[PDB]
Number of protein chains: 2
Amino acid sequence: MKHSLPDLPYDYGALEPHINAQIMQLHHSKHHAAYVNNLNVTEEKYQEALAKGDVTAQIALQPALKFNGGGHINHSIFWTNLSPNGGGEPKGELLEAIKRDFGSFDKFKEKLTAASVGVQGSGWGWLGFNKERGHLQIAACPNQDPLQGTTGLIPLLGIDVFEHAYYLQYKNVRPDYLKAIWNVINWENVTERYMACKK
Amino acid sequence: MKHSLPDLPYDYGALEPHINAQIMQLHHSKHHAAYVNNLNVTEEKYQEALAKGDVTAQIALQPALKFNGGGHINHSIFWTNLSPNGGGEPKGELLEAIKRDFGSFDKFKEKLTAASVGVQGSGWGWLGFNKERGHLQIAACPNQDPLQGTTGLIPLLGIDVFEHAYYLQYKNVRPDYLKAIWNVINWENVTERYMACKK
Ligand SMILES: [Mn+2]
Ligand SMILES: [Mn+2]
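Cut-off values and rules
- Residues numbered from 1 in each chain as written, not as in the entry; some residues may be left out.
- Chains lettered and ligands numbered in written order.
- Heavy atoms only, no water.
- Donors = N, O, S within 2.8 Å, 3.2 Å for Na, K, Ca; no water.
- Helix = DSSP H or I, 4+ residues; strand = E, 2+ residues; numbered from the N terminus.
- Buried < 20%, exposed > 50% of the residue type's maximum accessible area, 1.4 Å probe, protein only.
- Contact = heavy atoms within 4.5 Å.
- Buried area = accessible area lost by both parts, 1.4 Å probe.
- Salt bridge = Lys/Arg side-chain N within 4 Å of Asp/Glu carboxyl O.
- Polar contact = N/O pair within 3.5 Å; in protein donor to acceptor, adjacent residues only side chain to side chain.
- Nonpolar A, V, L, I, M, F, W, Y, C, P; charged D, E, K, R; others polar.
- UniProt positions renumbered as here; feature names shortened; annotations may be inferred.
- Domains from an automatic or database assignment.
- Pairing = 2+ DSSP bridges.
- Axes fitted to C-alpha atoms, helices over the stretch in contact; angles between N-to-C directions.
- Least-squares fit on C-alpha atoms.
- Left-handed = near helix turned anticlockwise from the far one by under 90°.
- Disulfide = S-S within 2.5 Å.

Student: Hey, could you run me through the coordination of the manganese ion (ligand 1) in this one?
Tutor: All names here are of chain A. At this site the manganese ion (ligand 1) is bound by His27 (NE2), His75 (NE2), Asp160 (OD) and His164 (NE2), with donor distances of 2.1 to 2.2 Å. Site description for the manganese ion (ligand 1): donor spacing in sequence, H-x47-H-x84-D-x3-H. Of this pair, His27 sits in helix α1 (residues 21–52) while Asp160 sits in strand β3 (residues 154–160), and the two are 133 residues apart along the sequence. Relative accessible area serves as the criterion here: at 2%, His27 is assigned to the buried category. A residue is classified by how much of its surface remains accessible, and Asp160, at 0% relative accessible area, is buried.

Student: So what exactly am I meant to see when it comes to the interface of chain A and chain B here?
Tutor: Interfaces are often sized by the amount of accessible area the parts lose when they come together. Between chain A and chain B, the contact holds 24 residues from the first and 25 residues from the second. Together chain A and chain B conceal approximately 2100 Å² of surface at their shared face, both sides included; 67% is due to carbon and sulfur atoms. Considering only the surface of chain A that becomes buried against chain B, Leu50(A), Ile59(A) and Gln62(A) emerge as the three largest contributors, covering 25% of it. At the junction of chain A with chain B, the criterion picks out zero salt bridges. Summed over the shared surface of chain A and chain B, the number is three residue pairs in polar contact. Those elements giving two or more residues to the side of chain A that touches chain B turn out to be α1, α2 (55–60), α3 (62–81) and α6 (147–151) of chain A. Tallied by class, residues from the side of chain A that touches chain B come to ten nonpolar, eleven polar and three charged.

Student: It is not clear to me how the coordination of the manganese ion (ligand 2) should be interpreted in this structure. Could you clarify?
Tutor: For a metal with four tetrahedral donors the ideal donor-metal-donor angle is 109.5 degrees, while six octahedral donors give ideal angles of 90 or 180 degrees. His27(B) (NE2), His75(B) (NE2), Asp160(B) (OD) and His164(B) (NE2) make up the full set of protein donors to the manganese ion (ligand 2), lying at 2.1 to 2.3 Å. In the primary sequence, the donor residues of the manganese ion (ligand 2) line up as H-x47-H-x84-D-x3-H.

Student: Can you walk me through the UniProt feature "binding site: Mn(2+)" in chain A in this structure?
Tutor: Residue and element names in this part refer to chain A. Cross-referencing UniProt, the feature "binding site: Mn(2+)" maps to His27, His75, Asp160 and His164 in the present numbering. Of the residues just listed, which span 138 residues, no C-alpha pair is farther apart than 12.5 Å, and they cluster in one region. Those residues in contact with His27 that lie beyond four places of it in its chain are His32, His75, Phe78, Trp79, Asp160, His164 and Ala165. Take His164: it is sitting in the loop between β3 and α7 (167–170). Not counting residues within four places of it along the chain, the set of residues in contact with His164 comprises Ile23, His27, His31, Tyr35, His75 and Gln144. Of note is the side chain of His164, whose polar atom sits 3.2 Å from the side chain of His27.

Student: I'm lost on the domain arrangement of chain A in this one. Help?
Tutor: Residue and element names in this part refer to chain A. Split by domain assignment, chain A resolves into domain 1 (21–81) and domain 2 (92–197). Taking the mean C-alpha position of each, domain 1 and domain 2 sit 22 Å from one another. Buried area between domain 1 and domain 2, both sides added, is near 1700 Å², and the carbon and sulfur share of it is 62%. Here domain 1 and domain 2 share one salt bridge between them.

Student: Even after reading the chapter, I still don't get the sheet that holds strand β1 (residues 123–130) of chain B, so can you show me in this structure?
Tutor: All names here are of chain B. Pairing is antiparallel across the open sheet formed by three strands, whose spatial order is β2-β1-β3. Unpaired on one side and paired on the other, β2 (135–142) and β3 (154–160) mark the two borders of the sheet. Each strand axis lies, on average, 25° off the axis of its neighbour in the sheet, ignoring direction. Packing against the sheet, helix α3 (residues 62–81) makes contact with β1 and β3, and its axis sits at approximately 85° to β3.

Student: I keep staring at the relation of the copies chain A and chain B and nothing clicks. Help me out?
Tutor: A rotation about an axis combined with a shift along that same axis relates the two copies of the chain. The operation relating chain A to chain B is a screw motion whose rotation component is 180°, with 0.1 Å of axial translation and a residual RMSD of 0.3 Å. The relationship between the two copies is best expressed as a two-fold rotation axis. Ranked by how close their C-alpha atoms come to the rotation axis, the residues of chain A are headed by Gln62(A), at 3.3 Å. A symmetric contact is evident, with 100% of the interface residues of chain A recurring at the interface of chain B.

Student: I'm lost on the packing of helix α5 (residues 105–117) of chain B against helix α8 (residues 174–181) of chain B in this one. Help?
Tutor: Relative orientation and spacing of two packed helices are given, respectively, by the angle between their axes and the distance between those axes. Residue and element names in this part refer to chain B. Packing of α5 against α8 leaves a shortest axis separation of 10 Å and a crossing angle of 145°. Pair α5 / α8 crosses with right-handed handedness. Packed against α5, whose contacting residues are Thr113, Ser116 and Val117, the element α8 presents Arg174, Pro175 and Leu178 at the interface. Split into classes, the residues belonging to the contact of α5 with α8 amount to three nonpolar, two polar and one charged.

Student: Explain the pairing of strand β2 (residues 135–142) of chain A to me, please; I cannot follow it from the model alone.
Tutor: One face of the sheet, then the other: side chains in a regular strand alternate in exactly this way. Direction of pairing for strand β1 (residues 123–130) of chain A relative to β2(A): antiparallel, over a ladder of eight bridges. Of the residues in β2(A), the one forming a bridge with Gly123(A) is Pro142(A).

Student: Can you walk me through the state of the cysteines in this structure?
Tutor: Covalently bonding the sulfur atom of one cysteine to the sulfur atom of another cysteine gives a disulfide. The full count for this structure, using the stated rule, is zero disulfides over all chains. Its sulfur unpaired, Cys197(A) is 15 Å from the next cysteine sulfur, which belongs to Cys141(A).

Student: I'm lost on the side chain of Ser116(A) in this one. Help?
Tutor: One can find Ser116(A) in helix α5 (residues 105–117). Once residues within four sequence positions are removed from consideration, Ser116(A) is found in contact with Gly125(A), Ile159(A), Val161(A), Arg174(A) and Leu178(A).

The following block contains the structure:
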């Protein structure tokens, strides 16, 4: 098998006015498209080096694998974390865990926003689930480094703070992007990942 | 493919008094043995992950692959860079290149000493050849990060500054270890690696 660019589950303009059609179309059809292709290229190179036992080449491929592989993991999740049917607050057991672990829904939003704005350079903000501790956890990740691969936390909600995700519309004012994106969060999807975490 | 621990080109005591037999035995039969075994286990997990397209697992395995993979690369080179017949100064084209790029042999030693002593924590000092620039270059690497895999430079001479390489004999006094190791440098091996770069 090879990786494929997943279609967006909605129209490019479905998230307006919070994220405009130009960003969505570029962020999916150009950026993510490149990560999948580069990911498949790196995996093939990594396969040849492994068959040859060329460990030097394997390690030299690690930055491309983490960046483009992480890109595929993160963005594929990101599209499902957003929806025109999104916004508002989650329900049921996820809403209860958020209040228990962060005090309230608004406190959680403040913490994830602060983590996302606090990224200096490129990276991501994540809400995750800690299997060992059995509760939610917020983390920030540099560049395309994916949450679970580098921290073991299971991703529930990611916020792409790469400049290409918002600069066209919001320019340098990243907090304006963070303010707007809460209105299109697909809490239905995020709830599925949370419920999938417990057994 | 199954990597294997290469036999040492000499007995564990052949580098005394500069590196004592206990260090050599532990550094080869324990530390390096673990890198090969851990490298093989990590490589086997990669084959499964690649076959499954599990990119998260590939990225999670990267720290173990670089540390143990790099360990295998570096230590395998390190042993050949040392010899009971070593020490003194190189000759021929290697010596002529060292004088040109670093001013003199003694000046070269000061620069490689300073790079090796300057490593805070675990890492390596390397003399390398820059193929693109066509000259020698000194660099430091953190942990077991290998020179070529992370910098593209071809390794000519490596100095292990992990504490397990000198602490038993020299304790915290790494500069005494660095001074002593010059007595067992296998310049014949370093010359072969250098001449191989100008094919
Ligand atoms: Mn992005
Ligand atoms: Mn070592």
